[PDB]
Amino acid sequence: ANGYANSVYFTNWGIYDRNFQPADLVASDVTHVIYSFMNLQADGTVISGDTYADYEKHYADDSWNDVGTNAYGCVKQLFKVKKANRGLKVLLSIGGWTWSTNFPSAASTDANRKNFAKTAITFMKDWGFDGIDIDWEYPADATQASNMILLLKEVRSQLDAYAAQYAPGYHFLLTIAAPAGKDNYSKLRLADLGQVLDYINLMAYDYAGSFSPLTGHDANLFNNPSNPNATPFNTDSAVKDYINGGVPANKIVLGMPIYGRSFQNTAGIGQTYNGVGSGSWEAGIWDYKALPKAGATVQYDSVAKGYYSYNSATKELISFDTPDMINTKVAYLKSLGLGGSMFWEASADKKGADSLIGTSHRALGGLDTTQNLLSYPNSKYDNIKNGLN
């Protein structure tokens, strides 16, 4: 709004094995935290996928003897973050890869869309959040694409009505996560999305993995015509298609991965491979903070603009973003007038100089300082209603 976005996904399941709590966020680097994910029913009902993580878990200073009805979990922890970081906005994210199967039904009728908006906004206002992010992966045809716009317009309308009563003058944010593959984005109502939304977070990653016939760059900027098997996708073609399709450049936030995708038993990038192997927490996927691994050296495809660790002894290649990659992507996004950087996801980042999110903050320079909201007079949680005072 008044500067670049530097946003990050915070997953509610990251509080378990990953042990990444909201207090662990380096909040000074972040303009938006995208709190992920709420689930969705076929009738449009938005629901918590984890009530413990969301609002029940007691942290060390969460009393067992508070009066009233009170929110704990990540909700209270994030409200603390918001108080201490007035330029940091928290968005309620709905859907994702696993929980998008009910979006078509949820967007399909006026009643369902109204129920979606009301239930989503109820969580947002109860939890003390600044907006809503919709991650429908992915609208499959024209009917769904049109219905997505109808859904977003309903949420925008209801947000504005909510603010007029309970946060006058505050602009609640409405965003999406958006596909970088043309097979998906060619179905979207791009011009409508450009008009109705505050931000489009481009998922400029997951270009290559276990689903690909050869090793590929996961999040490269450009095609490599001298080694095109290494670049099954590229970000630049997607960015230009979004802008030319009617999404204003300043609303596009360039997603970047804080993880690598591994390829086993291979000679290099663009080449044959056997499996993806193990991961940090799930097969084929490695936290950036574990990379590069011991005995691996980072190489760079300067045409594609993509790095990868290589270990000459084990034949493991891992495609991942480095601090230098982030500097290059920030130079790129600034050159096209984009709105900033987005990251999936917070728990996997390094701390200090090698933080991808911190690298992005420094390369962007002037971050969005638009003030968050701390007034929730209609929250059902007394502690949120009282601003934790």
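Throughout, we count residues from 1 along the sequence that is shown.
Could you settle it for me: does 277-285 or 240-248 have the higher average Cα B factor in the PDB entry?
The deposited B-factors put 277-285 ahead on the C-alpha mean.
Quick one: higher average CA temperature factor, 268-276 or 72-80?
Per the PDB entry, the higher value belongs to 268-276.
If I read the C-alpha B-factors straight from the PDB entry, which of 104, 194, 257, 228 is highest?
The listed residue with the largest C-alpha B-factor is 228.
From 299, 175, 109, 119, which pick has the Cα B-factor that tops the rest in the entry?
Answer, based on the entry's C-alpha B-factors: 299.
Quick check for you: using the entry's CA B-factors within this chain, is residue 126 in the lowest, middle or highest third?
Answer is lowest: the recorded C-alpha B-factor places it there.
According to the PDB entry, is the CA B factor of residue 358 in the bottom, middle or top third of its chain, that is, lowest, middle or highest?
It belongs to the middle third of the chain when residues are ordered by C-alpha B-factor.
Among all modelled residues of this chain, ranked by Cα B factor, put residue 153 in the bottom, middle or top third, i.e. lowest, middle or highest.
As the PDB entry reports it, the C-alpha B-factor of residue 153 lands in the middle third of its chain.
Is the Cα B-factor recorded for residue 5 in the lowest, middle or highest third of its chain?
For residue 5, whose C-alpha B-factor we compare with every modelled residue in the chain, the answer is the middle third.
Check where residue 339 lands among this chain's C-alpha B-factors and tell me if it's the lowest, middle or highest third.
As the PDB entry reports it, the C-alpha B-factor of residue 339 lands in the lowest third of its chain.
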